[PDB]
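Novice: For reference, the file input.cif (mmCIF, C-alpha atoms) is included below:
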```cif
data_structure
loop_
_atom_site.label_atom_id
_atom_site.label_comp_id
_atom_site.auth_asym_id
_atom_site.auth_seq_id
_atom_site.Cartn_x
_atom_site.Cartn_y
_atom_site.Cartn_z
CA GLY J 406 -1.33 10.50 9.42
CA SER J 407 -4.58 9.45 7.74
CA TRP J 408 -4.37 8.49 4.05
CA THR J 409 -6.11 10.09 1.11
CA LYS J 410 -8.11 8.09 -1.42
CA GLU J 411 -5.46 8.96 -4.01
CA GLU J 412 -2.68 7.58 -1.83
CA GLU J 413 -4.60 4.34 -1.24
CA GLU J 414 -5.21 3.91 -4.99
CA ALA J 415 -1.52 4.50 -5.70
CA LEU J 416 -0.46 1.86 -3.19
CA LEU J 417 -2.78 -0.68 -4.83
CA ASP J 418 -1.56 0.26 -8.32
CA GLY J 419 2.04 0.04 -7.13
CA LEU J 420 1.52 -3.44 -5.68
CA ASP J 421 0.06 -4.59 -9.00
CA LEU J 422 2.99 -3.17 -10.98
CA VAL J 423 5.90 -4.40 -8.83
CA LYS J 424 4.35 -7.91 -8.60
CA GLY J 425 4.57 -8.28 -4.84
CA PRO J 426 5.34 -6.64 -1.48
CA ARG J 427 8.40 -4.82 -2.84
CA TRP J 428 8.02 -1.54 -1.02
CA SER J 429 11.11 0.27 -2.29
CA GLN J 430 9.98 -0.36 -5.87
CA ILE J 431 6.58 1.15 -5.16
CA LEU J 432 8.40 4.28 -4.01
CA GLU J 433 10.38 4.29 -7.26
CA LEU J 434 6.99 4.67 -8.98
CA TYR J 435 5.11 6.91 -6.57
CA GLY J 436 7.53 8.24 -3.94
CA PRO J 437 9.79 11.29 -4.06
CA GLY J 438 10.79 11.70 -7.68
CA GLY J 439 8.41 8.88 -8.53
CA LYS J 440 8.37 7.70 -12.13
CA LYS J 441 4.55 7.86 -12.29
CA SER J 442 3.82 10.63 -9.73
CA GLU J 443 4.78 11.81 -6.25
CA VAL J 444 1.47 10.91 -4.62
CA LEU J 445 3.18 8.64 -2.04
CA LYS J 446 6.15 10.97 -1.46
CA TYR J 447 5.28 11.36 2.25
CA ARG J 448 4.92 7.63 3.01
CA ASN J 449 8.07 5.65 3.77
CA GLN J 450 8.53 1.91 3.27
CA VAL J 451 7.39 1.17 6.83
CA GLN J 452 4.21 3.15 6.15
CA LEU J 453 3.51 1.42 2.82
CA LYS J 454 3.87 -2.02 4.40
CA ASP J 455 1.67 -1.27 7.37
CA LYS J 456 -0.99 0.40 5.25
CA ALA J 457 -1.12 -2.54 2.85
CA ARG J 458 -1.66 -4.87 5.80
CA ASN J 459 -4.29 -2.54 7.29
CA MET J 460 -6.11 -2.23 3.97
CA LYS J 461 -6.16 -6.01 3.55
CA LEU J 462 -7.47 -6.26 7.10
CA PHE J 463 -10.15 -3.66 6.32
CA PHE J 464 -11.54 -5.66 3.40
CA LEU J 465 -11.39 -8.89 5.42
CA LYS J 466 -13.03 -7.48 8.53
CA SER J 467 -15.79 -5.77 6.51
CA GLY J 468 -16.52 -8.88 4.44
CA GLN J 469 -15.49 -7.17 1.19
CA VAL J 470 -13.49 -8.55 -1.73
CA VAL J 471 -9.72 -8.39 -1.26
CA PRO J 472 -8.24 -6.89 -4.46
CA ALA J 473 -5.75 -9.12 -6.29
CA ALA J 474 -2.96 -6.65 -5.50
CA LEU J 475 -3.35 -7.19 -1.76
CA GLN J 476 -3.40 -10.98 -1.94
CA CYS J 477 0.37 -10.97 -2.12
CA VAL J 478 0.48 -9.32 1.31
CA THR J 479 0.49 -12.43 3.48
CA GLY J 480 0.88 -13.35 7.12
CA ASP J 481 0.02 -11.47 10.28
CA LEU J 482 -1.88 -8.23 9.62
CA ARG J 483 -1.98 -6.93 13.20
CA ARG J 484 -0.51 -3.58 14.17
CA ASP J 485 2.97 -3.71 15.72
#
```
For the file at hand, write its structure as structure tokens.

Specialist:
Amino acid sequence: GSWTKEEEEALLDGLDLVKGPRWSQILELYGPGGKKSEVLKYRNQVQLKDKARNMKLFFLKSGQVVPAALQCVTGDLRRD
């Protein structure tokens, strides 16, 4: 359920590397058999997308800087 700090860092690094909200490519890097590591092996594409939106919402709602990697996550950030 809840994410570790390492998982959150991997999602942000993945977004930076795949140059956009390309969730399957993040799992090529960090998912099961990931090229970099398996730190996101238990998060599916639906989970990556929702977490990226929730992290962007967290920075916005707390008045903190949105990292460049999350600026490509656009549109509605509300939970389904």

Novice: Rounded to one decimal in Å, what is the spacing between atom CA of residue 414 of chain J and atom CA of residue 453 of chain J?

Specialist: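 For atom CA of residue 414 of chain J relative to atom CA of residue 453 of chain J, the distance reads 12.0 Å.
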
Novice: Residues at most 10 Å from segment 439-447 of chain J, counting only C-alpha atoms, excluding those fewer than 4 positions away in the same chain, as JSON, numbers by chain?

Specialist: {"J": [406, 408, 409, 411, 412, 413, 414, 415, 416, 419, 430, 431, 432, 433, 434, 435, 452, 453]}

Novice: Output C-alpha atoms of each residue in that selection to a file, as a PDB file, keeping the file's coordinate frame.

Specialist:
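Here's the written file result.pdb:
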```pdb
ATOM      1  CA  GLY J 406      -1.330  10.500   9.420  1.00  0.00           C
ATOM      2  CA  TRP J 408      -4.370   8.490   4.050  1.00  0.00           C
ATOM      3  CA  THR J 409      -6.110  10.090   1.110  1.00  0.00           C
ATOM      4  CA  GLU J 411      -5.460   8.960  -4.010  1.00  0.00           C
ATOM      5  CA  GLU J 412      -2.680   7.580  -1.830  1.00  0.00           C
ATOM      6  CA  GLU J 413      -4.600   4.340  -1.240  1.00  0.00           C
ATOM      7  CA  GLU J 414      -5.210   3.910  -4.990  1.00  0.00           C
ATOM      8  CA  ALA J 415      -1.520   4.500  -5.700  1.00  0.00           C
ATOM      9  CA  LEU J 416      -0.460   1.860  -3.190  1.00  0.00           C
ATOM     10  CA  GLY J 419       2.040   0.040  -7.130  1.00  0.00           C
ATOM     11  CA  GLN J 430       9.980  -0.360  -5.870  1.00  0.00           C
ATOM     12  CA  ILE J 431       6.580   1.150  -5.160  1.00  0.00           C
ATOM     13  CA  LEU J 432       8.400   4.280  -4.010  1.00  0.00           C
ATOM     14  CA  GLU J 433      10.380   4.290  -7.260  1.00  0.00           C
ATOM     15  CA  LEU J 434       6.990   4.670  -8.980  1.00  0.00           C
ATOM     16  CA  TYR J 435       5.110   6.910  -6.570  1.00  0.00           C
ATOM     17  CA  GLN J 452       4.210   3.150   6.150  1.00  0.00           C
ATOM     18  CA  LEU J 453       3.510   1.420   2.820  1.00  0.00           C
TER      19      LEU J 453
END
```

Novice: Rounded to one decimal in Å, what is the spacing between atom CA of residue 428 of chain J and atom CA of residue 450 of chain J?

Specialist: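 Taking atom CA of residue 428 of chain J and atom CA of residue 450 of chain J, their separation equals 5.5 Å.
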
Novice: What residues come out when you apply the PyMOL selection byres ((chain J and resi 421-427) around 9) to this file, written as a VMD selection string?

Specialist: chain J and resid 416 to 420 428 to 431 454 457 473 to 478

Novice: For those residues, write C-alpha atoms to a file as an mmCIF file, in the frame of the given file.

Specialist:
```cif
data_model
loop_
_atom_site.group_PDB
_atom_site.id
_atom_site.type_symbol
_atom_site.label_atom_id
_atom_site.label_comp_id
_atom_site.auth_asym_id
_atom_site.auth_seq_id
_atom_site.Cartn_x
_atom_site.Cartn_y
_atom_site.Cartn_z
ATOM 1 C CA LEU J 416 -0.460 1.860 -3.190
ATOM 2 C CA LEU J 417 -2.780 -0.680 -4.830
ATOM 3 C CA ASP J 418 -1.560 0.260 -8.320
ATOM 4 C CA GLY J 419 2.040 0.040 -7.130
ATOM 5 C CA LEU J 420 1.520 -3.440 -5.680
ATOM 6 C CA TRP J 428 8.020 -1.540 -1.020
ATOM 7 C CA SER J 429 11.110 0.270 -2.290
ATOM 8 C CA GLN J 430 9.980 -0.360 -5.870
ATOM 9 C CA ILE J 431 6.580 1.150 -5.160
ATOM 10 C CA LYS J 454 3.870 -2.020 4.400
ATOM 11 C CA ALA J 457 -1.120 -2.540 2.850
ATOM 12 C CA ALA J 473 -5.750 -9.120 -6.290
ATOM 13 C CA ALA J 474 -2.960 -6.650 -5.500
ATOM 14 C CA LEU J 475 -3.350 -7.190 -1.760
ATOM 15 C CA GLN J 476 -3.400 -10.980 -1.940
ATOM 16 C CA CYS J 477 0.370 -10.970 -2.120
ATOM 17 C CA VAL J 478 0.480 -9.320 1.310
#
```

Novice: Between J:451, J:461, J:407, J:438, which one has atoms that come closest to residue 483 of chain J, using all atoms listed in the file?

Specialist: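 Selected residue with least distance to residue 483 of chain J: J:461.
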
Novice: Go ahead and compute the interatomic distance for atom CA of residue 436 of chain J and atom CA of residue 469 of chain J, in Å to one decimal.

Specialist: 28.2 Å

Novice: How big is the axis-aligned box around the listed atoms of segment 433-450 of chain J once 4 Å is added on each side, and where is its centre? Give both in Å to one decimal, as lines of an AutoDock Vina configuration file.

Specialist:
```
center_x = 6.1
center_y = 6.9
center_z = -4.3
size_x = 17.3
size_y = 17.9
size_z = 24.1
```

Novice: Looking at J:472, J:484, J:437, J:479, which one is nearest to residue 456 of chain J, with distances taken over all atoms listed in the file?

Specialist: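 Residue with the minimum atom-to-atom distance to residue 456 of chain J: J:484.
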
Novice: Would you please work out which residue, of J:448, J:458, J:466, J:410, is nearest to residue 485 of chain J when using all atoms listed in the file?

Specialist: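 Counting all atoms listed in the file, the residue closest to residue 485 of chain J is J:458.
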